[PDB]
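Overview (structure and organization)
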Amino acid sequence: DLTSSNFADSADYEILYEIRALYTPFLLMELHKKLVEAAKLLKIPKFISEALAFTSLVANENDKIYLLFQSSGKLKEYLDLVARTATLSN
Amino acid sequence: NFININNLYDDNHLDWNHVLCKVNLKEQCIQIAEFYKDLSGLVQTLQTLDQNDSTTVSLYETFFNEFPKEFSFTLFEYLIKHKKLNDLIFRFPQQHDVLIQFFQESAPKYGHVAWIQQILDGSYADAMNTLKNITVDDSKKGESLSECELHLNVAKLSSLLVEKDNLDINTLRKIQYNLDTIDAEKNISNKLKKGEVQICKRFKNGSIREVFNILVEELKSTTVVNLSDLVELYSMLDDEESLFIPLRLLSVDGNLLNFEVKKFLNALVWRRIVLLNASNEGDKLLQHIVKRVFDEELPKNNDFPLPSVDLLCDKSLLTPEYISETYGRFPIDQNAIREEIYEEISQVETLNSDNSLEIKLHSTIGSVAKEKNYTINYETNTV
């Protein structure tokens, strides 16, 4: 639900909440798997920002991918691959 | 006792001589890699030039995170200042520093001086809930106008769709409460450029119109408000587009009042108005503004005396210690306001003879009683 002028239903909202939750961070996460299993770190295999540049590119209020995203459950899965993007320049 | 100034030179030129052991040739730099129980400067500037997640397998740190008086001084000195983000000294998070600060905040060292992950990282739950401690440091102010707007629109839009459960709606509330004090100055800056303020021809004289005139001159241009000065210019304010706006402040910001100071503010404003109503006949001036006190239902949302004879006939309510600092925050003379307030009191009592000013409060509440229950009181000064 994005507005409250149109028709919405609450029974039918919790199965937006959770169905969103199941898959939207996966698509996010497979962008971040390409960093360390396709080795494309920016738009060239050099420089490691675009994992460090993504740490508040995941954070947006224009797509609102922030508010559903777990502070330990999805954020810990996310930073461990950043930490493997960092060791391509360690 | 020149201790502090000696050991200034000492740690300065250990940190300098620990980036000078880095532009020298090396073999015995192992004797910094290994080599402490006290006196820092072995990991304070010996990896604090690059990422600290690429050096968690290095000798500098994660070997000094078990040595005491080394462990605790790295993560202390990095969380002193990172705050304000709309400045040339940090600028905004997006790169390198953001991912270090992540580490140091959910930690045995603590926030309320940094919140960089609590605006933008991913987290909503740990972020905006710990952010609640920080949005009482935006209680009636912004830091920058453009920075406050950034914290709050992120906290608003984050909290629009609650998905850390959906029941956790507290996180919307004080965030909205703080967006108003930046919105206010935007609106009012253009409005005094047009201008609409008007001034009384009775109290034009005195140092009592100077609380009013300052606020006007400040608000031509974008300026964060003070609230109590508005209650205190009341009776010196003219026009009927505004003559009833600090009745709002008694209610909703009467919460920021201490519930003892609020009484003597009320004693000041209704003692000014009773004299002002001696130059109005009909008592119509009082009648309209006591209507607005009854149609917002002021005395029944908080304690509030309605104008009546006792609240302006006693000189035991006059408190000089209060006046010397609520008008001692502007460059007017402290005696000048205090002797003016004094002579208001002795003019109430010189015309409580033949019931002159007495009947004029009696008949104001007493005629707005033909359609409401509010009627004159004086056994507590409240209905």
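As stated in the entry header, the method of structure determination is cryo-EM and the reported resolution is 11.6 Å.

**So, the nonpolar core**
All names here are of chain B. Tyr234, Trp270 and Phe294 are the most contacted members of the largest nonpolar core, which totals 54 residues. Within the residue set of this core, elements represented by two or more residues are α8 (210-218), α10 (246-252), α11 (262-276), α12 (284-295), α13 (320-326), α14 (334-349) and α15 (356-365). In terms of residues, this core owes the most to one element, α11, which gives 10 residues.

**Details of the interface of chain A and chain B**
If you look at the interface, chain A gives 25 residues, while chain B gives 30 residues. Its largest share of buried area at the contact with chain B, chain A owes to A:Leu52, A:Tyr66 and A:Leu67, together 27% of the area lost on that side. If you look at where chain A meets chain B, you find one salt bridge. A salt bridge links B:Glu163 to A:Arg20; the shortest N-O distance between them is 3.2 Å. The interface formed by chain A and chain B holds 12 residue pairs in polar contact in total. Residue assignment for the side of chain A that touches chain B shows that the elements contributing at least two residues are α1 (14-37) and α2 (75-85) of chain A. Residue contributions to the side of chain A that touches chain B peak at four residues, all from α2(A). Residues that form the side of chain A that touches chain B fall into these classes: 16 nonpolar, five polar and four charged.

**Digging into the side chain of A:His32**
Of note, A:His32 is situated in helix α1. What makes A:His32 buried here is its relative accessible area of 3%.

Conventions used here
Residues numbered from 1 in each chain as written, not as in the entry; some residues may be left out. Chains lettered and ligands numbered in written order. Part of a larger assembly, values for the part shown. Heavy atoms only, no water. Core = buried A, V, L, I, M, F, W, Y, C linked by side-chain atoms within 4.5 Å. Buried < 20%, exposed > 50% of the residue type's maximum accessible area, 1.4 Å probe, protein only. Helix = DSSP H or I, 4+ residues; strand = E, 2+ residues; numbered from the N terminus. Contact = heavy atoms within 4.5 Å. Buried area = accessible area lost by both parts, 1.4 Å probe. Salt bridge = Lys/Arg side-chain N within 4 Å of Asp/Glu carboxyl O. Polar contact = N/O pair within 3.5 Å; in protein donor to acceptor, adjacent residues only side chain to side chain. Nonpolar A, V, L, I, M, F, W, Y, C, P; charged D, E, K, R; others polar.

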